[PDB]
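Written below as structure tokens is the structure these notes are about.
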Amino acid sequence: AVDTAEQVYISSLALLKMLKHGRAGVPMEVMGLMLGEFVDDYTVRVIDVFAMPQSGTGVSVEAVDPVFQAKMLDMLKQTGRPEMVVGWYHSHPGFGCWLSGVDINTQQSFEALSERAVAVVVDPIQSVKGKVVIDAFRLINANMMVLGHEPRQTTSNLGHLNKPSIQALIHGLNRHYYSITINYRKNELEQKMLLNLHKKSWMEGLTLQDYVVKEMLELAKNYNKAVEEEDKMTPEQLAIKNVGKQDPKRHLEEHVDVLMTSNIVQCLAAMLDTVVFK
Amino acid sequence: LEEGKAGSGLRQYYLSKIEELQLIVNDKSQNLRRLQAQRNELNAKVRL
Amino acid sequence: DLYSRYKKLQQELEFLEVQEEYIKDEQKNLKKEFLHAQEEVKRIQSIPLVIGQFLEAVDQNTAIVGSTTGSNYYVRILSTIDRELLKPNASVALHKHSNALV
Amino acid sequence: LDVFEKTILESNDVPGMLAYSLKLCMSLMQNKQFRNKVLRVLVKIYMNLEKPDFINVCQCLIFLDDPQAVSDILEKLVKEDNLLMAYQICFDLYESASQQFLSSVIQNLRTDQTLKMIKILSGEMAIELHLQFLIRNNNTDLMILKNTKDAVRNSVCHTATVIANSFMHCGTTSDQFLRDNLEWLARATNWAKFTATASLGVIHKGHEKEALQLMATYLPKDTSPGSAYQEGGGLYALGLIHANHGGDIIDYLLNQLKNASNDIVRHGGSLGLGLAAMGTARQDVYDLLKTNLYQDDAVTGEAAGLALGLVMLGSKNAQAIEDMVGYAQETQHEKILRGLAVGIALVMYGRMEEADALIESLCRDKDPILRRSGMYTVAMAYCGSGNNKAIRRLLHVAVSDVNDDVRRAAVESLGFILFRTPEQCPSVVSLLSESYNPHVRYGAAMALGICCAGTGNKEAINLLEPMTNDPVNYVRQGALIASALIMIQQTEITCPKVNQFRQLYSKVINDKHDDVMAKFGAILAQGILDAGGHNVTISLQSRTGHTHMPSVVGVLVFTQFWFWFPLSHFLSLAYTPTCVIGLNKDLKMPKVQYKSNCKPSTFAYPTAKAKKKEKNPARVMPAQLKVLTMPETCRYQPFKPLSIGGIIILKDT
Ligand SMILES: [Zn+2]
């Protein structure tokens, strides 16, 4: 009846086992399970993610052991929070992380167990640092083809997620499926130390530790002189003369600005004499 | 007027002198606005 | 009336005076964002790569390259160096999935 | 201020030099401290002067905002017994002064002329005179409406057409798209049927009498329809009509809040009660809004925040924000943060100083929505000024901040503050139009849309031409609404781009290959141009000088309706009636016809002399007000010089 676009709140702790357990299955595809709480129709949260045994014979719906979860939920009771299960996830490192033929067969089984059972995919390969990558989807019922086939209200959270549209075969699965919006509920307490732990460990280890003399400048002078004539022949090549040769051509970069910063490296590193000492 | 319409022009001259001075600084900004939008379009080129 | 406009005209004067730090602070950020975009294109594709054989330069921004398996691939060239190292026939490294010319 | 008293007291004339200087000084004055101190001594020498002038007391009424001074000026007019000369300040106090000042002046004055002041401040007779204006000047065109109806798109169509016809149907109260197709409205579901009872209150805006019994079919308590979202729009429907001034319906909302639907009643209920109590600084509405803030539900959080800034607008409640921003840290939803973002933004307006205490907390915080809150808060606080301190942090959050949605709302604040001098926006927002991310371009196009809407500037149309050519779909849509705001009431004879854009709106929506997203704002751009049947405009800058609250609140909620679809049906706030009136006085309707130098081409809603009413009144364009001359052969001639629009007095010879 009434269906509203869902918003997925992921915890920074749940983001860990998505890429981490997925990295352990690389190259092969894994099968996980999502753990969280259903607040309402238009929003959903995943508060935890745990690792499930990887299948070396290929992913199947029987790869999830029911006594593995029954022993896990009991261990979650003695753990701080015993929250009910919600849905499943699987890695797909070998390709662009789209729902395979097994993923649709385990859909109607998991959506019978739990109401939503959001399908979540993840890939390591698409980037390293500055991209969300991952993936998510939710099955829209094929029996609804008799009814209105274009959910959801509050559109562009889908529509904008429908950008880039990610080639063809991916959105070729937009038949019988619709993706879901992933935003981050603020962990910033942990996220503030995530930046502090990362950059401090990357700043000279104490900031002190790190803080071929003339010879490095004799090797640099070959880049600061012998590179000049191959750079300064181009203005004489800009002289035609004049003018039979196709123009414009700009040879100014990148050596000029590199030798600039090359002195910026050597000047402030030589200031270590004046800085460290006295 | 004597305060005045002879002096106020000199008062208006200061503003117009700064307006031309500002226009000089604006002309320094206007062509520099292009160096931004250029590289801003080049910032879209690496995204292209 | 002339002092009226004399009190009017310094507005856009000072309004463009704060428009000086407007762009100057904006353009240097975006400059550092553009320098951050330089790390982007240099990040892609990192590793791994696959060897391929260059065939010919058909036009700007893209060129065709034969794969080591023998299948010729038509790939967008990298925006950094489009010319000197291209050459009519050469062995150029390509990315695994994308087969990108780098 | 000493020598200034001698300069205003200089001999001869100087007939109007004190009149326009207040208009010039108000624009050029950076510090309002001694500004009004100059004005308060000026309005004293007006009364000491032999010739009385009522345009000076209009300016000090709003700026000095002294309830004891405004009570004594009319108390003398009661003793002076002439209703003609006071009839100007009667409706001038109405259209200009906000709801907080109207409630203070109505109490001291009512303590013939006592019955005459009842309908001016409550707007009783003011609605019907412009209710009869609409039905006359309104020219309906069903062609374009049917050209967008036959697309047969299952979604986004139900919201598009019902909000588009409400544009041209403003205030006519007639029922057309409800009666013609019953089944198509039944195809709508979820929050789409919320608009059917909502857009019903749009066309019915005004008409304070029948608004009660006509909508009884949509009553949530008795009917209880199968879909629960159909019964939730009956409370929000009448809030439109009841924006600003209220009425007997205050009990009508009280009966439907305690029965049937919960809590989705509080959605339309608080917006209906909050917009009705907007500017009144009411108490009991703030009491039940705090428990709605603590309901923890994300959808009802918008209704709690949005209705709280309304009622407390201009009052600056301390405990309001303290309970709002104090709940913003531990809340798990973004939508509660949104209604609260505008909630604390709507309460702080036009201070230029007090609000800066909160601005330091908003933008500095790391919450993405609360950083959007700082921009809507700094906009209303700086509304009506060109201050250079606001543009400092305005760009810093619009650039250095990583979130794209806050950069959008950041550049959108430029249209709210700078509407006094719209010429500055195309220059400062120019460089922002080349941003690679379309989120900034969506707000960059809106900045020219909301600010320049009243102006006829062609340069804004030129800058919006590449905006609809951009490959991104929603920046094209944002260009359609923005370019539809510049052309309001302006026909092809004004700018040639009119017919060029009108054919483009129906084009892209009839093309199935185009995205359903962008084509939603296509027919909506039509309606924006056709709003009120081209009769009514939207102007934040008027002789009154006050900002227009319902249009800004409606268009800022309509910025992103993709989070919640009712936010698209909350665009119903942007619909407001406006007109001019030639009524002489009281209930007697004079017959007056005067010439106009503009051709009927401006009067067409798809010369020697014209004919204007003769109060129903007749339409005029803001550019046509200067070319018209009061009739010299008529028995009824105006005593006041006729320059701009609005209801003016007419003297019988
Ligand atoms: Zn699989």
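Derivation of every value follows stated rules applied to the coordinates shown; laboratory data play no part. Neighbour counts are summed over all protein chains in view; Cβ atoms, including those assigned to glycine, are modelled from backbone coordinates with ideal geometry.
Pick out, from A:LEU238, A:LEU113, D:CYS60, the residue whose Cα sits farthest towards the positive end of the charge dipole of the protein assembly as shown, with +1 on the Cβ of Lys and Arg and -1 on the Cβ of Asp and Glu.
Value: D:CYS60.
As a test, work out the antiparallel percent of DSSP beta bridges whose residues both lie in the stretch A:1-66, rounded to the nearest 5. Please list the in-between numbers first.
Working: 4 of 8 bridges.
Close to 50 percent.
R0 = 22 Å: FRET efficiency of C:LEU78 with A:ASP231, Cβ-based, nearest 0.05?
For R0 = 22 Å, the calculated efficiency reads 0.55.
When the convex hull of the Cα atoms of the stretch A:191-231 is projected onto a plane and the area is averaged over all directions, what value comes out in nm²?
Numbers: hull surface 20.8 nm².
Projected area, direction-averaged: 5.2 nm².
Arrange the following residues from fewest to most other Cβ atoms within 10 Å of their Cβ: C:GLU26, A:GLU254, D:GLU95.
Listed from fewest to most nearby Cβ atoms, that is A:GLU254, D:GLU95, C:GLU26.
Please report the antiparallel percentage of DSSP beta bridges with both residues in the protein assembly as shown, rounded to the nearest 5.
65
Describe numerically, in nm with one decimal, the distance between label points set 7 Å from Cα along Cα→Cβ at D:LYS6 and at C:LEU86.
Between D:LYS6 and C:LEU86, the label points sit 8.1 nm apart.
Place a +1 charge on the Cβ of each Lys and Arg in chain A and a -1 charge on the Cβ of each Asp and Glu, then give the dipole magnitude about the Cα centre in debye, rounded to the nearest 20.
Dipole about the Cα centre, nearest 20: 320 debye.
Using the Cβ atoms and a cut-off under 12 Å, what net charge is assigned to the surroundings of A:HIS90, where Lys and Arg are +1 and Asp and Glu are -1?
Values: positive: none; negative: A:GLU29, A:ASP103, A:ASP123, A:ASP135.
Every neighbour counted, the sum reads -4.
How would you order A:68-77, A:115-124 from highest to lowest mean count of nearby Cβ atoms within 10 Å?
Most protected by this proxy first, the peptides run A:115-124, A:68-77.
Rounded to the nearest 0.05, what FRET efficiency do A:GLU218 and D:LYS507 have when you use their Cβ-Cβ distance and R0 = 60 Å?
Step by step, r from the Cβ atoms, then E = 0.30.
Determine the alpha carbon to alpha carbon distance for each of D:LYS193/D:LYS316; D:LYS458/D:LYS519; D:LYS209/D:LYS613; B:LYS28/D:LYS626; D:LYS6/D:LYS640; A:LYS278/C:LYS24 and list only those over 31 Å.
D:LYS193/D:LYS316; B:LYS28/D:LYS626; A:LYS278/C:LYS24
Please average, across the residues of D:562-571, the number of beta carbons from any other chain that are within 10 Å of each residue's own beta carbon, and give a whole number.
For peptide D:562-571, the averaged partner shielding equals 3.
Given labels modelled 7 Å from the Cα in the Cβ direction, how far is it in nm from D:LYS209 to D:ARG179?
Result: 2.0 nm between the two label points.
Using unit Cβ charges (K, R positive; D, E negative) and no other charged atoms, how large, in debye to the nearest 20, is the dipole of chain D about its Cα centre? Kindly include the intermediate steps, with their values, before the conclusion.
Working: 65 positive and 62 negative charges, 356 e Å.
About 1720 debye.
Between the stretch D:207-277 and the stretch D:445-494, how many Å separate their Cα centres?
Result: 35 Å between the Cα centres.
Using the count of nearby Cβ atoms within 10 Å as a rough guide to exposure, how do A:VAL276, D:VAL299, C:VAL41 rank from fewest to most?
Values: A:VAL276 9, D:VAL299 23, C:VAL41 14.
By the 10 Å Cβ count, ascending: A:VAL276, C:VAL41, D:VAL299.
What FRET efficiency comes out for the pair D:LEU254/D:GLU360, r = Cβ-Cβ distance, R0 = 25 Å, nearest 0.05?
Rounded to the nearest 0.05, the efficiency is 0.05.
Sort D:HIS546, D:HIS333, D:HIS267 so the one with the fewest other Cβ atoms within 10 Å of its own Cβ comes first.
D:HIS546, D:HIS333, D:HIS267
So, with +1 on the Cβ of K and R and -1 on the Cβ of D and E, and no other charges, what is the size of the charge dipole of the protein assembly as shown about its Cα centre, to the nearest 20 debye?
Dipole size: approximately 2020 debye.
Suppose we look only past 60 Å in the calculated P(r) of the protein assembly as shown. What percent of the Cα-Cα pairs does that tail hold?
19
Could you run the Debye sum over the Cα atoms of the stretch D:1-140, one equal point scatterer each and no solvent, and tell me log10 of I(q)/I(0) at q = 0.18 Å⁻¹, two decimals?
The Debye formula, applied to the Cα set alone, gives -1.09.
Using only alpha carbon pairs under 8 Å that are at least six residues apart, calculate the relative contact order of the stretch A:1-106 and give it in whole percent.
34
A:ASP273 label point, 7 Å along Cα→Cβ, cut-off 13 Å on backbone N: hits in the stretch A:185-215?
Once the point is set 7 Å along Cα→Cβ of A:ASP273, A:213-214 turn out to lie under 13 Å by backbone N, inside the stretch A:185-215.
According to a simple spin-label model (label point 7 Å from Cα along Cα-to-Cβ), what is the distance in nm between D:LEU83 and D:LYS44?
3.5
By the scheme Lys and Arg +1, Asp and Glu -1, what is the net charge of all other residues having a beta-carbon under 10 Å from that of D:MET17?
Once all neighbours under 10 Å are counted, the net charge is -3.
Among D:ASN317, C:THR62, D:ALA610, flag the residue with its Cα farthest along the positive direction of the charge dipole of the protein assembly as shown, charges on Cβ as +1 for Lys/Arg and -1 for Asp/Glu.
Comparing the listed Cα positions along the dipole, D:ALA610 ranks first.
What is the average number of partner chain Cβ atoms found within 10 Å of a Cβ in D:153-163? Please list the in-between numbers first.
Details: counts 1, 5, 7, 4, 1, 1, 2, 0, 0, 0, 0.
Shielding by partners across D:153-163 averages 2.
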